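[1] need a structure here:
(5 chains)
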Amino acid sequence: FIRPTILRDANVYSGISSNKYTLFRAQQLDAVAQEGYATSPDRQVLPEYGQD
Amino acid sequence: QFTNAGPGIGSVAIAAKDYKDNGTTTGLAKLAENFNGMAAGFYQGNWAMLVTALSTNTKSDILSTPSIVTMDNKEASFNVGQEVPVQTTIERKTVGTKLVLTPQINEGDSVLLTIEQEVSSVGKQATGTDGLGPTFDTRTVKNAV
Amino acid sequence: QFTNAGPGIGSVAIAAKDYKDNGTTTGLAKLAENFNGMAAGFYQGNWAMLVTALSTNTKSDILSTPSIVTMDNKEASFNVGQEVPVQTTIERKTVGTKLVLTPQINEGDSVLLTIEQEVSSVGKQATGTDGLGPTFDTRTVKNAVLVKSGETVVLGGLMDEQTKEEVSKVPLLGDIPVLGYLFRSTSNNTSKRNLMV
Amino acid sequence: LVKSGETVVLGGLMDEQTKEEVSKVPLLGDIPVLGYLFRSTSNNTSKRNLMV
Amino acid sequence: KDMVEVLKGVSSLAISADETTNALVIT
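    Residues are numbered from 1 along each chain as shown, chains lettered A, B, ... in the order given. The structure is reproduced below:
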């Protein structure tokens, strides 16, 4: 399956990138809350959008 | 005696008679190497009986979603896979999850996508071939949609 | 007797009977070389029983951020990786964290970035190949993208999920919904890779 | 292109790697504390911050 | 790029196609 998605201007391309940036960030923060539970390992997380 | 079965009563009996008085185990240990199932022997007086059974039943699920953002009418490449040598003196081939796509935009909505993609693999990095170079399991589709 | 299992009762029994009266250990020590799990034997009268179990479960996280400052419309190169020989007589290939980028600036904010990048590796510097030269694990993406001067964006990515399931069971008995797990030797595997550039 | 006095960034690579492995016994290895007696864990981590 | 060749026949009038914006410039 192929699902194209067209970005006509920049503002649509932040939101599209921000939801993958955050869904990836939110996935790292989910993996921390299991590694935190297990103790003695580190998964390190991407900051928030635009904070570097 | 039959063959569809894992092993033949021949190798088994000979091995058991060769394993007597602290004998060898190479012969018999080589038969029983790949065997898989329930081999159940039974002696009722003089008739010997050997019952063989295994059901192999398997399951695999694969799902790859390699996305990419390109300018219209430029071909993007996207690879996540690897360069392995192939004979022809050798050569490098990029086999992994590949998406090569040159999108083209209808003024309004609908994208024309020229796709050449495949999911390919060198089987096992520690396995050979009946041929001469490496082999590849590929799932490919090149089309415009 | 089954195979999905680490080792076969055959090699084990033969080895134990070959290890008697101060025998060899080569044969048996070679079986038990890669084995991983809980092999639990039990004798109740005459029926011998061997239970095999291991779950391998794995985790890896990688994050590379190779930045570079270039003049517009000049291609920068940036490499942090290495030159290894490949056959073709040999040849030098730069495989490591590479960013090759030729930026181009919209008068105002948004950068057109022509990117050719990859994270590639020669597996192990002390490991061979089923082929002939060295091999490379690469993660590559070559595209032009146009992004606003402040904004962090997706170039591409691959989210890959694999699940292989195997059973070696006894036909009728292996299918008893609970007891049946005593006849079956199951081998399951799963993986996940979520890569975002 | 840099000012005649100023020290600047040419480029750089900040690379972070974390491999986690366990060889555990299926059910027993997952007991949140006792389970570490069944599991043989091998963890690895690395960091390289290169600035030119 | 493909259309340029097609139209070149009709002309054969001066054509080029810009690979980037995928536009045809005829005069």
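[2] C-alpha only now, for contacts and for neighbours.
    Will do.
[3] And the residue of chain E closest to chain D?
    Closest residue of chain E to chain D, CA to the nearest CA: residue E:20 (29.2 Å).
[4] Distance check, that residue against residue B:142.
    Applying CA to CA, to the nearest Å, the value for residue E:20 to residue B:142 is 22 Å.
[5] and what of residue B:101?
    From residue B:101 across to residue B:142, the span is 10 Å (CA to CA).
[6] more neighbours, these two?
    For residue B:101 versus residue B:142, neighbours defined as other CA atoms under 10 Å in any protein chain shown are more numerous around residue B:101 (24 against 13).
[7] Can you tell me the closest non-neighbouring residue to that one?
    Once flanking residues are discounted, residue B:101 sits nearest to residue B:115: 4.9 Å by CA to CA, 6 or more residues apart in numbering or on different chains.
[8] residues near the one you found, how many?
    19.
[9] Provide the partner residues of it in its beta bridges.
    residue B:101, residue B:143 (DSSP bridges).
[10] got the contact list for it?
    Listed by CA atoms under 8 Å, 6 or more residues apart in numbering or on different chains, the contact set of residue B:115 reads B:99, B:100, B:101, B:102, B:141, B:142, B:143, B:144, B:145.
[11] how does it look with 7 Å?
    Contacts for residue B:115 (CA atoms under 7 Å, 6 or more residues apart in numbering or on different chains) come out as B:100, B:101, B:142, B:143, B:144.
[12] got it, and residue B:127?
    Here residue B:127 is in contact with residue C:130 (CA under 7 Å, 6+ apart).
[13] any idea how far it lies from chain D?
    Distance of residue B:127 to chain D, computed by CA to the nearest CA, to the nearest Å: 24 Å.
[14] What about that residue? Give its phi and psi, please.
    Here is the backbone geometry of residue B:127 (degrees, to the nearest 10): phi -120, psi 140.
[15] nearest spatial neighbour of the closest residue to chain D within chain B, skipping sequence neighbours?
    Using CA to the nearest CA, residue B:80 is the residue of chain B that sits closest to chain D, at 17.6 Å. Excluding the flanking residues, the one nearest residue B:80 by CA to CA, 6+ apart is residue C:139, at 4.5 Å.
[16] re earlier: surely the residue of chain E closest to chain D and residue B:102 touch.
    No: Residue E:20 is beyond contact range of residue B:102, at 11.1 Å (criterion: CA atoms under 7 Å).
[17] So which of the two has more stuff around it?
    Shown here are residue E:20 and residue B:102; by other CA under 10 Å, residue B:102 has more neighbours (19 against 11).
[18] So the more buried one is in contact with residue B:76, correct?
    Yes: taking CA under 7 Å as the definition, residue B:102 is a contact partner of residue B:76 at 6.1 Å.
[19] what's the burial count for residue 45?
    I'll assume chain A. Neighbours of residue A:45 (other CA under 10 Å): 17.
[20] Actually, chain B is the one I wanted.
    6.
[21] Over to residue B:85?
    24.
[22] Could you do residue B:140 as well?
    For residue B:140, using other CA under 10 Å, the count is 15.
[23] who's in contact with it?
    Residues in contact with residue B:140 (CA under 7 Å, 6+ apart) are B:117, B:118, B:119.
[24] and the gap between the second one and chain A?
    So that's residue B:118. For residue B:118, the distance to chain A equals 13 Å [CA to the nearest CA].
[25] ranges for the strands of chain E?
    Applying DSSP state E to chain E gives strands spanning E:15-18, E:23-26.
[26] for those strands, which one ends up most surrounded?
    strand E:15-18 (a mean of 14; mean count of other CA atoms under 10 Å in any protein chain shown).
[27] Return the distance of residue B:60 relative to residue C:190.
    In terms of CA to CA, residue B:60 sits 9 Å off from residue C:190.
[28] same question but for residue A:44, I mixed them up
    Residue A:44 is 23 Å from residue C:190, where distance means CA to CA.
[29] Now residue A:41: closest residue in space that isn't a chain neighbour?
    residue A:35 (6.0 Å).
[30] Run a quick check on that neighbour versus residue A:44, I expect a contact.
    No: counting by CA under 7 Å, residue A:35 sits too far from residue A:44 to count as a contact (10.3 Å).
[31] Chain E: helices as residue ranges?
    Here chain E has its helices, by DSSP state H, at E:2-11.
[32] what do you get for chain A?
    With DSSP H, the ranges of helices along chain A come out as A:11-38.
[33] Tell me how many other residues crowd residue B:91.
    Counted with other CA under 10 Å, residue B:91 comes out at 15.
[34] just checking, it touches residue B:85?
    Yes: with contact defined as CA under 7 Å, residue B:91 reaches residue B:85; the gap is 4.9 Å.
[35] Name the nearest residue to the most centrally placed residue in chain A, sequence neighbours excluded.
    Geometric centre of chain A, nearest residue: residue A:24, 2.3 Å, by CA atoms, centre = their mean. Excluding its sequence neighbours, the residue lying closest to residue A:24 (CA to CA, 6+ apart) is residue C:196, at 8.0 Å.
[36] before we move on, the earlier item: columns distance to residue A:7 on top of the contacts of residue B:115, output as a markdown table?
    Formatted as a markdown table, these follow (distance: CA to CA, whole Å):
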| residue | distance to residue A:7 |
| --- | --- |
| B:100 | 19 |
| B:101 | 16 |
| B:142 | 24 |
| B:143 | 23 |
| B:144 | 20 |
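[37] Quickly name whichever of those is closest to residue E:2.
    Nearest to residue E:2 among the contacts of residue B:115 is residue B:144, at 14.4 Å by CA to CA.
[38] Quick one: residues contacting that closest one.
    So residue B:144 contacts B:112, B:113, B:114, B:115 (CA under 7 Å, 6+ apart).
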